[PDB]
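Protein chains in written order, with the entry's author numbering: chain B, 18 to 101; chain F, 16 to 102; chain G, 13 to 118; chain C, 13 to 118; chain L, 46 to 117; chain K, 46 to 122; chain H, 27 to 121; chain D, 27 to 121; chain A, 37 to 134; chain E, 38 to 134. Beta carbons are placed, not taken as given, at the ideal position from N, Cα and C, and that holds for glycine. In what follows, a structure is listed as structure tokens, so that the remarks can point back to it.
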Amino acid sequence: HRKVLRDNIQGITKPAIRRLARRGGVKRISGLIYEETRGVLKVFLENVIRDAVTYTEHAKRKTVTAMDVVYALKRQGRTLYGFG
Amino acid sequence: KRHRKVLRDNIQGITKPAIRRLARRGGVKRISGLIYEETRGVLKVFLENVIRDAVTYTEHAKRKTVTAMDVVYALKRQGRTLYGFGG
Amino acid sequence: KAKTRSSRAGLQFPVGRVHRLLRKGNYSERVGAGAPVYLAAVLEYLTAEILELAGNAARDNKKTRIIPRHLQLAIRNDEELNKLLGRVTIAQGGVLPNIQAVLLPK
Amino acid sequence: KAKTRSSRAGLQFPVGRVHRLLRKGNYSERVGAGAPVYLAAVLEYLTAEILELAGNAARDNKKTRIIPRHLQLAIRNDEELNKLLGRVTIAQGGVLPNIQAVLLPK
Amino acid sequence: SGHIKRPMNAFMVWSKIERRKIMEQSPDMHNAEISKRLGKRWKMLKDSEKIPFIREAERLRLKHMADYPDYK
Amino acid sequence: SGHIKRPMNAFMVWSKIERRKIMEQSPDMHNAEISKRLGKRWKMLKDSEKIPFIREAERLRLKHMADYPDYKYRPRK
Amino acid sequence: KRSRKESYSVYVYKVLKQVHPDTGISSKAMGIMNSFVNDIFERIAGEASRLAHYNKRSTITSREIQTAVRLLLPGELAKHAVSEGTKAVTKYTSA
Amino acid sequence: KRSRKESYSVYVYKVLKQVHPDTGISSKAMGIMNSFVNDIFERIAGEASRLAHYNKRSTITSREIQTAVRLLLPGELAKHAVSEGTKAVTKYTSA
Amino acid sequence: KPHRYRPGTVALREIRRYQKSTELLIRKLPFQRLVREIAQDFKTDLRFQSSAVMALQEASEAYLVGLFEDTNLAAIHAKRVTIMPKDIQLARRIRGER
Amino acid sequence: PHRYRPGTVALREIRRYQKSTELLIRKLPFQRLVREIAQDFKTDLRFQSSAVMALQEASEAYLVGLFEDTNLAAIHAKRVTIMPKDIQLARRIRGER
DNA sequence: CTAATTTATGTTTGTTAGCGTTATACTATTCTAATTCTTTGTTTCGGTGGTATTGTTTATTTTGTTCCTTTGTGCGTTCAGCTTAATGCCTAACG
DNA sequence: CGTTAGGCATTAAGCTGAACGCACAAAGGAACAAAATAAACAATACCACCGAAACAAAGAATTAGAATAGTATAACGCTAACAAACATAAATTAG
């Protein structure tokens with residue numbers, strides 16, 4: 018069950034970025050939007066995941082629940098409704 | 016030429032040079048003439064918010080005056096904490 | 013014969029549970045007896061305001077269930093509930109459908 | 013002979029006062045004895061980081077006093093102290109002097 | 046619990062009966078290795094040997110569409 | 046305009062006559078610095094030198110109470 | 027014989043049947059309503075706690091809750107909630 | 027015979043004389059440092075309280091403070107502060 | 037001769053149907069792989085609940101949709117429709133992000 | 038006569054006021070405005086002088102933050118000036134409308 | 001410049017790590033199903049550069065307008081010590 | 001899981017003298033501010049374009065779903081033993 022991962026930021030694809038953009042009301046999307054949006058997503062996930070990891074490592078636990086992700090998003094001021 | 020006095024309209028007290036200075040502090044090279052009234056309204060609603068919160072604070076304590084700590088606590092809740100006026 | 017505290021106030025939310033959560037939430041050492049009655053009152057009124065607009069949205073959509081798309085619609089269409097829940101996002105809620113007028117053709 | 017708890021840790025901030033504020037701040041029912049020593053340590057280090065940059069700013073300005081303009085300069089010029097105090101404004105502090113490069117003439 | 050299950054395809058019922066066969070002939074065998082061997086043998090079968098299983102799966106598909114015609 | 050002015054105390058009449066003195070002896074002097082210096086000198090005066098001014102202010106106070114005996118301060122908006 | 031989840035799920039349904047008898051509700055929307063109830067409870071109790079601390083009050087009474095309601099809830103929601111609350115305490119004290 | 031203001035004014039000056047012996051400080055900057063100390067104390071104690079609640083711990087020990095320090099303070103400030111803290115508890119426990 | 041639409045004509049219909057629909061627009065498995073890729077660097081060998089990755093996906097989609105709304109506001113303000121990365125950096129800068 | 042170029046005095050005032058930490062709002066008119074607005078919420082509301090000083094300081098900070106964001110938005114749109122649409126955008130993106 | 005506020009010692013107590021067990025959801029595997037991402041060839045349209053008009057800001061001078069910093073006095077507001085009823089928390093019981 | 005009857009010990013309403021805070025008297029240029037103006041440079045209106053993004057069809061390649069087994073792990077309950085609150089005597093310190 019040991020494994021290392023790499024290059025998973027290409028897994029969030031460009032016609033899957035275009036749908037997140039066209040939900041927000043965007044009518045035209047340039048070509049260089051994608052890597053910048055992937056980096057924005059990367060730093061946001063890095064902040065919230067580091068917060069969740071510190072939350073779960075304080076509890077002497079080994080898995081990541083959804084409640085800790087909710088607390089991590091609460092600490093950034095983006096509260097999530099729907100998980101407890 | 017002759018001085019003009021207008022009843023009430025306290026928002027108007029915030030003069031036009033005292034707003035050009037606020038924008039020069041912000042690093043602004045040019046200000047159009049339609050900015051002063053909009054900035055007056057912005058300042059008005061900001062003070063309306065903070066003052067209403069501080070009034071509810073000092074009214075909960077049954078105090079007729081508005082101390083500084085009440086303004087600190089009213090500004091803390093909007094995400095703009097004041098340093099220097101006591102905790 | 014004795015009657016419950018939730019219906020002593022004539023409400024639905026349990027006064028005892030909010031009293032217990034105010035105690036064990038570590039907000040003060042003591043808590044007044046009017047505090048949970050008030051808090052349950054404002055809570056029940058608040059969820060009444062949510063569910064009434066949600067039912068009107070779902071009946072406006074010719075549906076019979078409340079899915080969270082209806083909750084997001086009922087919250088984002090309001091003015092003074094949008095200020096209460098402006099930062100909060102909603103799971104599986106979607107957005108309020110509105111398109112900028114310059115994007116639309118003439 | 014007995015020695016104070018602030019210098020038991022070899023610090024300046026009083027362990028007893030932060031212990032009392034953790035007690036009376038109503039954060040928990042109990043509090044560990046290492047909590048105030050840790051909190052005073054991080055606090056003293058934090059104000060050391062502030063005052064060192066403030067003294068370097070005031071000595072850089074050929075002044076001998078710390079006015080809050082120096083504190084605002086020392087906080088806004090830093091990277092990881094600007095994130096701690098990004099929302100906080102400073103009384104009589106002024107701004108960090110920086111002008112956009114397109115406003116400046118060529 | 047009310048959950049409608051997916052209908053079985055050819056390989057699932059084939060591996061079901063053949064795994065029951067292997068578990069009644071062989072003791073002390075781990076099922077992941079069983080399924081590895083069953084996939085290996087199913088890929089070395091000729092297509093001439095699979096038409097009963099795919100036809101039976103097609104019968105389950107027509108039974109499923111006749112049982113739920115407005116299903117999506 | 047009908048507005049009753051406040052009566053002068055000791056320091057106001059003292060600074061009035063002494064500021065007139067300074068303005069007849071010194072040209073090109075700003076009045077804020079004048080008043081700063083006048084407050085400084087009034088706080089380094091001994092109390093033995095101020096009794097005429099406080100007594101004159103007390104005479105103005107008794108003249109004010111004899112001029113308006115039914116007077117009470119009423120702040121308005 | 028599982029330990030039971032303490033939640034506000036029944037009372038949201040009771041309120042819904044008081045206000046809307048015909049329409050049903052999902053389960054995930056009920057979880058959303060539970061999370062919303064807990065969020066608002068946390069907001070109001072936190073403001074009441076810090077108000078009792080700013081006035082050095084060791085007891086949170088209904089005044090602090092009323093002030094916190096006037097603080098958080100904007101617009102007519104504030105006065106509607108205060109009217110509901112005072113109606114509730116008058117009901118609770120009259121009995 | 028006035029009642030006395032409990033504040034952190036002396037210890038900021040002690041730290042300043044430890045770190046910068048020549049330069050003085052104003053009074054309003056000392057008030058700013060007092061407000062900053064109280065702000066950071068509130069942030070750290072609030073995160074420690076909510077962490078003890080999320081784990082159902084009734085006792086705030088140094089672990090919660092350490093986790094909250096790693097939460098709030100970004101960059102190298104976090105590990106520098108943790109090293110200072112562990113140095114402090116090793117000093118306090120060795121004595 | 038096949039019939040072709042115009043650029044933008046299909047885009048409004050897509051905007052409407054995605055504003056109406058409430059599902060997630062990025063697949064769950066690449067998000068699982070990316071979350072497990074990122075969370076190696078803080079502590080290796082973490083198990084992620086499916087509900088946790090779903091909650092992260094919900095908040096991720098919400099954050100990016102809000103950021104793209106602000107991006108469209110800024111690009112419209114500069115009299116553009118085609119958004120650009122400087123609009124993203126601006127809308128992050130104004131927001132208090134960086 | 039030798040008048041300066043348009044903006045050079047503005048630049049010198051930019052550097053002077055940014056180098057300065059002074060309060061740019063006169064105290065009496067701000068006192069009048071504060072005691073005029075606060076009467077609408079409650080009557081007989083005297084203010085401490087520190088409270089109105091704090092309000093003036095915080096409004097100065099809020100406005101200079103609003104104005105640096107405004108100038109960011111105006112520079113982004115290839116404009117040196119400030120128009121009120123920039124203030125609208127900077128208040129909208131900050132999530133204050 | 002001496003009250004007062006932190007520090008130390010022993011006691012109770014109530015919290016928590018250690019341990020066992022077990023259940024339970026997690027991870028991996030292998031199949032089909034479906035669906036959607038990427039390539040490649042149109043096609044059409046919006047960001048960007050370049051020029052010209054205009055409209056409005058700025059910098060300046062003149063002329064009012066105010067302000068500012070100084071101490072004592074009057075009056076309204078708050079606060080702190082002391083009284084005193086209110087009340088909420090704990091226990092025992094009940095449903 | 002939720003409610004209810006009596007102590008008691010803590011806590012907010014009540015009250016008064018006292019201390020705080022603020023306005024304001026004169027002054028008188030200083031510093032500020034409003035108003036009118038020359039014009040100069042910035043906003044903007046318009047036009048061309050070209051390459052950049054959208055659209056489409058095909059296939060590939062990926063995810064979805066399910067059965068399933070192991071399986072690390074997490075969530076239950078006893079138990080000790082340990083650490084923290086509490087009662088009571090110095091001390092230094094500090095506003």
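inquiry  = Distance cutoff 9 Å, beta carbons only. Does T76/G sit that close to anything in chain H?
reply    = Yes, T76/G lies at the interface with chain H (some Cβ there is under 9 Å from its Cβ).
key: Chain-ordered residues of the stretch 101-113 of chain C with a beta carbon less than 9 Å from chain F   = Result list: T101, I102, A103, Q104, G105, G106, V107, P109, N110, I111 and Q112.
request  = Taking residue 128/D as the reference, give the member of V45/D, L42/D, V41/D and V115/D with the closest Cα.
outcome  = Outside the modelled stretch of chain D, which goes from 27 to 121, sits residue 128/D, for which no answer is possible.
ask   = How would you label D73/L, buried or exposed, when you count the other beta carbons within 10 angstroms and need 16 or more for buried?
value = When all chains shown are included, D73/L counts as exposed.
message = For the stretch 41-63 of chain D, list every residue whose C-beta sits within 7 Å of some C-beta in chain F, in sequence order.
response = Here the close residues are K54, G57, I58, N60, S61 and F62.
ask   = Can you tell me whether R81/C is buried or exposed, with buried defined as 16 or more other CB within 10 angstroms of its CB?
value = If you draw a 10 Å sphere on the C-beta of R81/C, you find 16 or more other C-beta atoms in it, and that means buried.
message = So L103/H contacts chain F; which residues on that side make the cut at Cβ distance below 8 Å?
response = Those do not exist, as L103/H stays about 15 Å from chain F at its closest Cβ, beyond 8 Å.
ask   = For residue 141/E, which residues in chain F fall below 8 Å Cβ to Cβ?
value = Because residue 141/E is not part of the residues shown, which for chain E are 38 to 134, the question remains open.
query = Looking only at DSSP bridge pairs, what is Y98/B linked to?
reply = The secondary-structure analysis by DSSP pairs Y98/B across a beta bridge with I102/G.
key: Within 9 Å, strictly: CB atoms of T71/F and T119/H   = At least 9 Å separates the beta-carbon of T71/F from that of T119/H.
message = In this structure, how does DSSP classify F84/A when only helix, strand and coil are distinguished?
response = Under the three-state reduction of DSSP output, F84/A falls in the strand class.
ask   = Which partner residues does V81/F have in the DSSP bridge list?
value = DSSP lists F84/E as partners of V81/F.
inquiry  = Going by DSSP in three states, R69/A sits in which element: helix, strand or coil?
reply    = For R69/A, the secondary structure class from DSSP, reduced to helix, strand or coil, is helix.
query = Looking at C-beta atoms only, is the number of pairs between the stretch 41-52 of chain D and the stretch 55-71 of chain C that lie closer than 8 Å three or more?
reply = Yes: the two stretches touch, three or more of their Cβ pairs being nearer than 8 Å.
request  = Mind checking the stretch 40-56 of chain G against chain H and listing, in chain order, the residues whose C-beta falls within less than 7 Å of any C-beta there?
outcome  = Along the stretch 40-56 of chain G, going in chain order, the ones with a CB nearer than 7 Å to a CB of chain H are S40, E41, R42, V43, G44, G46, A47, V49, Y50, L51, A53, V54, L55 and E56.
query = How should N108/E be labelled, buried or exposed, when 16 other C-beta atoms within 10 angstroms of its C-beta is the threshold for buried?
reply = The residue in question, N108/E, is buried, as its Cβ has 16 or more Cβ neighbours within 10 Å.
inquiry  = Pull the bridge partners of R19/F from the DSSP assignment, please.
reply    = DSSP output for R19/F lists no bridge partner at all.
query = Can you tell me whether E91/C is buried or exposed, with buried defined as 16 or more other CB within 10 angstroms of its CB?
reply = Exposed, because fewer than 16 other Cβ atoms sit within 10 Å of the Cβ of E91/C.
ask   = With 16 other CB atoms within 10 Å as the buried threshold, where does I29/B fall?
value = Label assigned to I29/B: buried.
request  = With DSSP as the reference, please indicate the residues paired to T85/H in a beta bridge.
outcome  = In the DSSP assignment, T85/H is bridged to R42/G.
inquiry  = Taking contact to mean 3 or more Cβ pairs, one atom from each stretch, closer than 8 Å, check whether the stretch 49-61 of chain D and the stretch 39-59 of chain B are in contact.
reply    = Segments in contact, no.
ask   = When DSSP labels each residue in this structure, what does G50/H get in the three-state scheme?
value = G50/H falls in the strand class under three-state DSSP.
query = Roughly how far, in whole angstroms, is the beta-carbon of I74/E from the beta-carbon of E63/F, given that I think they are within contact range, below 8 Å?
reply = Rounded, the Cβ-Cβ distance is 6 Å, consistent with contact.
query = In the DSSP assignment, what are the bridge partners of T118/A?
reply = DSSP, once it has assigned bridges, lists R45/B as partnering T118/A.
inquiry  = Please confirm whether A76/B has its beta-carbon closer than 9 Å to some beta-carbon of chain A.
reply    = Not closer than 9 Å to any Cβ of chain A, the Cβ of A76/B fails to qualify, so no.
message = List, in chain order, every chain B residue whose beta-carbon is nearer than 7 Å to that of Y99/A.
response = What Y99/A touches in chain B, judged by beta-carbon distance under 7 Å, is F61 and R95, going in chain order.
task = Would you decide whether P38/E is buried or exposed? Buried here means 16 or more other CB atoms lie within 10 Å of its CB.
result = By the 16-neighbour rule on beta-carbons within 10 angstroms, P38/E is exposed.
message = Check whether the stretch 89-103 of chain K and the stretch 51-66 of chain K are in contact - that is, three or more C-beta pairs closer than 8 Å.
response = The stretch 51-66 of chain K and the stretch 89-103 of chain K touch, with three or more beta-carbon pairs separated by less than 8 Å.
ask   = Do we get a CB-CB distance below 9 Å when we pair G56/B with the residues of chain H?
value = It does not: the Cβ of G56/B has no partner Cβ on chain H nearer than 9 Å.
ask   = Does the pairing of the stretch 94-112 of chain H with the stretch 30-38 of chain D give three or more beta-carbon distances under 8 Å?
value = At 8 Å Cβ cutoff, the stretches do not touch.
query = Going by the beta-carbon positions, is the gap between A95/A and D85/B smaller than 9 Å?
reply = In this structure, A95/A lies away from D85/B, with their beta-carbon atoms at least 9 Å apart.
Inter-residue CB distance, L96/G and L99/H (contact presumed, cutoff 8 Å) = Correct: roughly 6 Å between the Cβ atoms.
ask   = Could you check where the alpha helix (DSSP H) with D68/B kicks off and where it finishes?
value = Counted as a single uninterrupted DSSP element, the alpha helix (DSSP H) harbouring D68/B occupies residues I50 to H75.
ask   = Is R131/E helix, strand or coil by DSSP?
value = It is coil, neither helix nor strand.
DSSP state of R40/E mapped onto helix, strand, coil = Reduced to three states, the DSSP call for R40/E is coil.
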